[PDB]
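One chain comes next, on its own, written out as structure tokens in the form deposited in one PDB entry.
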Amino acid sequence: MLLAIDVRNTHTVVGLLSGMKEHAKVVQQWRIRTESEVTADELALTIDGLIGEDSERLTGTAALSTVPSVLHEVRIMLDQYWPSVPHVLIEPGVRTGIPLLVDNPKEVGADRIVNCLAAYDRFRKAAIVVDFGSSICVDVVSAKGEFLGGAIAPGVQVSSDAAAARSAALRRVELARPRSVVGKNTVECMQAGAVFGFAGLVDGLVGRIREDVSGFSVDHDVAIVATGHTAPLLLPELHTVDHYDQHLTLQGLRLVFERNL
């Protein structure tokens, strides 16, 4: 199998992907915390405990990170614990076959590049990727598979927790859909805010991108794809998102791994 690692600011996705090229599928996926101060030995311990008996069956290990210290610890862990398998660590501004038509090609985070590559591979047309992570990352891929940029909004959970911490009457609540958009208690009001407001945020960003750029209007065909952990919660309230792909970034990591191999 192929061991894929997605390090974000708050949560790390560890995946096992069997197969190769078109027939390859994600057979396993786990979500863990991201610790900035994590070491190679701790990360090896948790990853070994997650993947169990598949450690001896690894054929390669792809990895990206938005925290560079975790990326360097990933390199140390890979060389110390899995020396016989190849590994292609990904930095910001990686080369993949997707032209980075932006001001600073070396500053865009690796997750956005991987999402763009996977979306253009799956759809082969113009695409808008909405990634619900620690931040909501919106990526615009043209019909030629070129990364035009996009937007970076605060994430649902991070913003909700920040609002709960920044206020006294607002406490920490569970991220769930309330009975109505008009709440009757503080928990219901906060859940209505966090869910419906961020659904409106994503819909507004997608509609504004569709209207205010050429080739992405309603007349054209553009694949709107959402990924992330909290995407299924907000998906029924989105009128602008067509598809949900839970394994988009892992498939993109597999694409970069097979391209660099």
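We call the rigid core whatever largest set of C-alpha positions still superposes within 1.5 Å between the two forms. Only residues modelled in both forms are compared. Throughout, we count residues from 1 along the sequence that is shown.
Quick note: we don't show the form deposited in another entry, though the next part is all about it.
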| item | value |
| --- | --- |
| Position that moves between the shown form and the other one after core superposition, taken from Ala163, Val88, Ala151, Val85, with Cα shift of 2 Å or more | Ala163 |
| C-alpha of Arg172 moved at least 2 Å between the shown form and the other one on rigid core | yes |
| CA-CA separation of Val158 and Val195, closer or farther in the other entry than in the form shown [shift of 3 angstroms or more] | closer |
| Regions of at least 3 residues displaced between the shown form and the other one by 2 angstroms or more (CA, core superposed) | 157 to 172 |
